[PDB]
Every structure is written in C-alpha cells, then in structure tokens.
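Chemist:
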Amino acid sequence: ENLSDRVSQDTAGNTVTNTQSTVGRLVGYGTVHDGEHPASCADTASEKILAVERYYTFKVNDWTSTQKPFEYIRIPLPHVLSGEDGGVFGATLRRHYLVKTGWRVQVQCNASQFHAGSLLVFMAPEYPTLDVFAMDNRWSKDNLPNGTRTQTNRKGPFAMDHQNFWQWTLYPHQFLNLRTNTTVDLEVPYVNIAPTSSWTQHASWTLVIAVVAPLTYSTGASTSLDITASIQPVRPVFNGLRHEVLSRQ
Amino acid sequence: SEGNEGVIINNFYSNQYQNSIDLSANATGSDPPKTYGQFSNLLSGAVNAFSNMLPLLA
Numbered sequence: 111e112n113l114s115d116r117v118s119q120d121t122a123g124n125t126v127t128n129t130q131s132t133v134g135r136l137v138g139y140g141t142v143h144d145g146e147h148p149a150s151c152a153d154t155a156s157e158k159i160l161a162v163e164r165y166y167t168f169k170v171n172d173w174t175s176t177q178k179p180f181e182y183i184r185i186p187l188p189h190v191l192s193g194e195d196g197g198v199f200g201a202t203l204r205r206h207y208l209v210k211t212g213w214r215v216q217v218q219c220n221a222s223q224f225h226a227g228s229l230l231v232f233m234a235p236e237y238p239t240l241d242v243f244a245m246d247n248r249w250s251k252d253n254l255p256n257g258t259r260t261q262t263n264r265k266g267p268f269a270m271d272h273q274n275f276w277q278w279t280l281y282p283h284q285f286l287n288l289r290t291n292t293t294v295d296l297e298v299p300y301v302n303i304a305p306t307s308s309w310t311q312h313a314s315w316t317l318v319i320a321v322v323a324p325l326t327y328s329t330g331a332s333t334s335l336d337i338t339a340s341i342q343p344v345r346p347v348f349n350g351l352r353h354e355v356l357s358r359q
Numbered sequence: 121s122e123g124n125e126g127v128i129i130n131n132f133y134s135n136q137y138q139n140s141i142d143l144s145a146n147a148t149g150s151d152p153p154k155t156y157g158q159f160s161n162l163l164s165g166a167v168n169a170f171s172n173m174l175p176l177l178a
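Protein chains in written order, with the working numbering: chain A, 111 to 359; chain B, 121 to 178.
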C-alpha cells in the first residue's frame with residue numbers, strides 16, 4: 111500500500127483533498143497566481159471570496175484497455191466551472207466582464223499493483239479546444255498533429271491549431287503511472303495576452319488528459335478505471351460587474 | 121600446606137603446564153571478550169547517505 115512523505119492533504123475552503131501516493135505538486139513556470147489587481151482596470155476588483163476559492167470535483171471519463179497512445183480529453187478553463195457545477199465561482203463569474211485567476215488541479219485514478227499503463231496530465235495556455243469551450247466527451251486523437259485544415263486545402267502543409275504530441279512534455283505536466291501513483295497535482299499562474307481576461311470568449315488554459323502507455327491487466331483485475339478531477343481557482347480577481355451573462359450555456 | 125616436594129630448583133616446566141589451572145566462576149556470569157581474534161568477513165555498503173540522490177522515491 112501507499113506511503114509516508116507520499117501521504118498529502120490540501121485544504122481549500124470547506125474542501126480538502128487527500129492522496130496516499132503523491133509525487134509532489136508541479137508548479138508550472140515556477141510561480142503561482144499572486145491575486146494582484148489588473149493594472150488595466152480602474153474599478154476595484156471583488157477578490158478573496160472564500161466561497162470561491164475551493165475545489166470543484168467532478169468526473170472526467172473512463173480509462174480502458176482500448177485507448178490508444180496520445181488519445182486525449184480536454185477540459186477548457188474557466189469555462190468548465192462557469193455553470194452550475196462552478197458554484198459561487200460560476201455565479202460570480204457570470205456577472206463579471208473580466209476574471210484573472212491561476213489554477214490548482216488534482217487528477218485521480220486508481221488501479222492495482224497488477225495493472226499496467228500510464229497517463230500524461232498537462233496544462234497548456236492557448237491549447238486548441240472545442241469552439242464552444244466544453245470538456246471533450248470521448249477520447250479522440252482528433253486533429254493531431256497537423257491541425258485542422260479546410261476541406262479543399264488539399265496541399266496545405268498544416269493549420270495553426272497544430273499539436274505535435276511527441277513534445278507534449280514541454281507543457282507543465284506529471285505522469286499518472288499506475289505502478290507509481292494515484293493522483294497528479296499541478297498548479298499554474300496567470301498568463302494571457304492581456305493583464306486580465308474577457309473569459310467569455312477565451313478559454314486561455316486547458317487541462318489535458320492523454321494516454322501514453324495503454325491499460326493492460328490480466329483477467330479478474332478491475333477492467334475500467336474512472337478518471338476524476340478536483341479543480342480550484344487560485345486567487346481569482348473579478349472586475350466589470352454587470353447583469354448576468356445569462357445563457358450560461 | 122604443600123605436599124611432598126622439596127626441590128630448590130625452579131620447576132623446569134611452568135605451572136600452567138605442570139598443574140591444572142584453577143579458575144573461579146562468578147555467580148553472575150562473565151562477558152566473553154568482544155573478539156576472539158581478528159579474522160572477519162565484512163559487510164560494507166549496509167546503509168546509505170550519498171549517491172545520485174534524492175531523485176529517489178519518498
């Protein structure tokens with residue numbers, strides 16, 4: 111079973127995550143979101159809402175024997191938490207024009223000492239997601255590695271949404287290797303083209319889950335491994351208060 | 121006392137040879153010497169501290 115300097119807890123409001131097999135928290139770019147006000151806004155921000163700075167936990171998908179290498183699932187931020195599952199975060203988010211935040215994630219998946227396989231979990235700024243910024247529905251190897259080009263663009267070399275997955279480890283990441291761990295912990299600071307974001311039309315960060323070494327096991331072993339995640343906005347700062355977005359969807 | 125021996129000369133054989141060796145045992149036991157000689161096989165590298173370390177699991 112799981113041990114000692116590998117047993118770890120993280121308290122967020124009224125939220126706390128525990129793992130008995132961690133490998134540490136990878137802090138991307140080596141910095142955390144400071145929670146500082148955007149220098150481009152004259153209005154004072156609403157910040158430090160306790161009800162907002164906690165972990166939102168929901169399920170991603172199911173890992174099976176069938177997934178092939180590099181098939182993935184994307185979770186666009188802040189969008190995934192802008193709805194009902196986003197609690198007061200979502201509610202506040204829908205009434206502000208702009209949000210500036212960092213992310214702290216934990217993705218979870220257990221198997222046994224008789225299972226073999228590994229996931230790659232990474233977080234990437236400006237990763238190409240669905241149009242509508244929603245979590246992918248099923249695993250896909252869609253539009254890797256040359257991007258999506260137009261129908262007719264018969265001879266085009268590639269499109270700007272290219273993604274050479276052979277290099278996905280350039281992104282802040284950690285491996286969820288079944289023989290080693292059960293959880294992966296990442297944290298990223300705020301990065302964007304501007305001092306704060308009009309989140310409505312931009313999913314600036316994407317949490318990506320990909321298979322790199324396919325699931326293997328002998329008969330009688332657990333057969334499908336669920337994948338869940340805990341996401342927490344790190345010191346979000348809101349500005350430009352107005353009426354509700356509404357069609358939140 | 122002594123027996124029937126009355127030679128002037130020092131015994132040619134030393135005592136540990138001429139006689140048995142009277143020993144005395146103490147009630148509470150006695151500790152063996154620490155070592156019976158210097159013959160030994162040695163175990164090295166038993167422990168740690170120092171390598172291509174702390175890349176090494178917790």
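Idealized CB from N, CA, C, for every residue including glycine.
(1) Residues in its own chain within less than 6 angstroms of residue 62 of chain A by CB, not counting five upstream and five downstream?
(2) Should residue 346 of chain A go down as buried or exposed, given a rule of 16 or more other Cβ atoms within 10 Å for buried?
(3) So is residue 293 of chain A buried or exposed if we call it buried at 16+ other beta carbons inside 10 Å?
(4) Can you give me the start and stop residues for the beta strand (DSSP E) that residue 350 of chain A sits inside?
(5) Just grab the DSSP bridge partners of residue 210 of chain A for me.
(6) Output the distance between the C-alpha atoms of residue 228 of chain A and residue 275 of chain A, rounded to the nearest integer angstrom.
(7) From what residue to what residue does the beta strand (DSSP E) around residue 135 of chain A run?
(8) Tell me, which residues are paired with residue 327 of chain A by DSSP?
(9) Taking Cβ positions, are residue 271 of chain A and residue 258 of chain A nearer each other than 7 angstroms?
(10) Kindly say whether residue 372 of chain A, judged by its beta-carbon, lies nearer than 7 angstroms to any beta-carbon of chain B.
(11) Mind reading off the beta-carbon distance from residue 226 of chain A to residue 288 of chain A? Whole number of angstroms is fine, and I expect it under 8 angstroms.
(12) Let's see if you can read the secondary structure: which residues bound the alpha helix (DSSP H) around residue 200 of chain A?
(13) Please confirm whether residue 179 of chain A and residue 355 of chain A have their CB atoms less than 7 angstroms apart.
(14) For chain A, find out if any of its Cβ atoms is closer than 7 angstroms to the Cβ of residue 178 of chain B; answer yes or no.
(15) Interface residues of chain B around residue 241 of chain A at Cβ under 7 angstroms?
(16) Taking the beta carbon of residue 125 of chain B as the centre, do at least 16 other beta carbons fall within 10 Å, making it buried, or is it exposed?
(17) Please decide whether residue 252 of chain A counts as near chain B, where near means a Cβ-Cβ distance under 7 angstroms.
(18) Does the Cβ-Cβ distance between residue 282 of chain A and residue 140 of chain A come in under 7 angstroms?
(19) Pairing CB atoms from the stretch 304–324 of chain A with CB atoms from the stretch 142–156 of chain A, are three or more of them under 8 angstroms?
(20) Measure the C-alpha to C-alpha separation of residue 352 of chain A and residue 308 of chain A and round it to an integer number of angstroms.
(21) Helix, strand or coil, according to DSSP, for residue 189 of chain A in the structure here?
(22) State the beta-bridge partners of residue 297 of chain A as determined by DSSP.
(23) Looking at residue 119 of chain A and residue 112 of chain A, is the spacing between their C-beta atoms short of 7 angstroms?
(24) For residue 194 of chain A and residue 236 of chain A, I'd like the C-alpha separation in whole angstroms.
(25) Got a sec: is the Cβ-Cβ distance from residue 295 of chain A to anything in chain B below 7 angstroms?
(26) Taking a contact to mean a Cβ-Cβ separation below 7 angstroms, would you say residue 286 of chain A touches residue 173 of chain A in this structure?
(27) Could you say which of A:159, A:154, A:245, A:279 lies nearest to residue 186 of chain A if we only look at CA atoms?
(28) Would you report the Cα separation of residue 253 of chain A and residue 357 of chain A, rounded to the nearest angstrom?
Modeler: Once the coordinates are examined:
(1) Any question about residue 62 of chain A goes unanswered here, given that chain A covers just 111 to 359.
(2) buried
(3) buried
(4) 334–351
(5) A:347
(6) 15 angstroms
(7) 135–137
(8) Residue 327 of chain A is not bridged to any residue.
(9) Taking C-beta atoms as the reference points, residue 271 of chain A and residue 258 of chain A count as a pair closer than 7 angstroms.
(10) Limits of chain A in this structure are 111 at one end and 359 at the other, which puts residue 372 of chain A out of reach.
(11) 6 angstroms
(12) 197–204
(13) no
(14) yes
(15) Listed along chain B, no residue sits closer than 7 angstroms to residue 241 of chain A by beta-carbon distance, the nearest being about 42 angstroms off.
(16) exposed
(17) no
(18) If you check the CB distance, residue 282 of chain A and residue 140 of chain A do not come in under 7 angstroms.
(19) yes
(20) 13 angstroms
(21) helix
(22) A:137, A:214
(23) no
(24) Straight-line Cα distance between these residues: approximately 24 angstroms.
(25) no
(26) no
(27) A:245
(28) 29 angstroms
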